[PDB]
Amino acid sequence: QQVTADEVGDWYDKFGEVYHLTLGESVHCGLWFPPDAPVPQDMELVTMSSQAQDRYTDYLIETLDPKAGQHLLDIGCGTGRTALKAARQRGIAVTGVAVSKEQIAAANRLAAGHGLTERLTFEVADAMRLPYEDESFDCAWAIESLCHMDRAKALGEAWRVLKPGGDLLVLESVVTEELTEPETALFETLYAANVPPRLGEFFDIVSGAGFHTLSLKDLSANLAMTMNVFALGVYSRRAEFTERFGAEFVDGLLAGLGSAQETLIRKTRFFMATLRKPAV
């Protein structure tokens, strides 16, 4: 009762277009979560983004399709949640590798907390020199990790440890326009990452590593939305993040995220690709 019909009509007459400039060609919510998705535990931006992460993991599991009793290699495994879900859902063994000591200890704490230390094995190891014998894994994935490594070496190592006829799922960025030097330096100073290759350049490395390309699917909008969620979280929580990671790290993000966002929007693409080590 605190507003009248005339006041609401005037509000939309004056400001209604602010919804079209921010939300699109309608004046209502986006369906950001599919109808079948469960209600999150809370509406915090990190919790909702976490559920979109798990649905992303489920889709990768579905795309690669690991079979029960197989052994998968998580190349650049993070803190292990991707491995935990694949193991739980498919009844597989998973081995993960990362060059971060804290990440691997957290992944081992994860497997210990769920009672899966037998099927989950997390070791500090470099993907450009894997400590595993040839043809050890039925399949493997590199989920947003190749950008930190030399792609030709890591792809060769993945080819070596795969059994012939197995598949490697990659989640990799690619440039569509040539980057300026400020943009290439943002890749290192923001994420400790390398600049992505061209699409043809990437598939020459894939082919030169001995792989066949079975599929590619663009997931660029998901990266753009994810990058927006990251940007909003850093802006709204600068004080919290400065007290944790330091003023120099946070201020680097606040000053760089805007530029890197526009570079991502205009010059790069992000895709999921299935790579097969041929049989015979």
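In this text, residue numbers run from 1 along the sequence as written.
Engineer: Hey, which bit's got the bigger mean C-alpha B factor in the entry, 246-254 or 62-70?
Structural biologist: The recorded data point to 246-254.
Engineer: Test of understanding: from the entry's C-alpha B-factors, which stretch has the higher mean, 265-273 or 21-29?
Structural biologist: Taking the mean C-alpha B-factor of 265-273 and of 21-29, the larger value falls to 265-273.
Engineer: Which listed residue, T79, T121, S100, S173, has the largest C-alpha temperature factor in the record?
Structural biologist: Highest CA B-factor of the listed options: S100.
Engineer: Quiz for you: based on the deposited Cα B-factor, which of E183, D138, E144, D126 is highest?
Structural biologist: Out of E183, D138, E144, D126, the record gives the largest C-alpha B-factor to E183.
Engineer: If you rank every modelled residue in this chain by C-alpha B factor, which third holds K217: lowest, middle or highest?
Structural biologist: According to the entry, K217 has a C-alpha B-factor in the chain's lowest third.
Engineer: Among the modelled residues of its chain, does the C-alpha B-factor of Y56 lie in the lowest, middle or highest third?
Structural biologist: For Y56, whose C-alpha B-factor we compare with every modelled residue in the chain, the answer is the middle third.
Engineer: Taking the C-alpha B-factors as the PDB entry records them, is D167 in the lowest, middle or highest third of its chain?
Structural biologist: Ranked within chain, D167 CA B lands in the lowest tercile.
Engineer: Which third of the chain holds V229 when residues are ordered by C-alpha B factor: lowest, middle or highest?
Structural biologist: Middle third - that is where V229 ends up once the chain's C-alpha B-factors are sorted.
Engineer: Ranked by Cα temperature factor within the chain, is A192 in the lowest third, the middle third or the highest third?
Structural biologist: As the PDB entry reports it, the C-alpha B-factor of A192 lands in the highest third of its chain.
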